[PDB]
């Protein structure tokens, strides 16, 4: 069975290489998991900052409009001065944006 014993040694070597490949593959998956978590964290933190900025901007523009409305009183009002543009607003989407950020942060 001299032929057989040679093949068995070959198969053992081949198996050893396969095990090492599988081990490397698991390290690569671990690393990819780490990267995905890291990107999610960085996305979440950025969206949180932009959400703060856009909410503060909306509030500040609305206060700017209150002043403008006051000023346009003697002129007959904002709608008479600007036309229908007067009724254009800024929808508050803070809750909707916070909702997506919360789902992103689930993977931290």
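Numbering follows the first chain given and starts at 1.
Got a sec? Mean C-alpha B-factor, which is higher, 59 to 67 or 73 to 81?
Between 73 to 81 and 59 to 67, it is 73 to 81.
Looking only at CA atoms, which has the higher mean B factor in the entry: 5 to 13 or 88 to 96?
Between 5 to 13 and 88 to 96, it is 5 to 13.
Considering every modelled residue of the chain and its Cα B-factor in the PDB entry, is residue 54 in the lowest, middle or highest third?
Lowest third.
Can you tell me whether residue 46 has a C-alpha B-factor in the lowest, middle or highest third compared with the other modelled residues of the same chain?
As the PDB entry reports it, the C-alpha B-factor of residue 46 lands in the lowest third of its chain.
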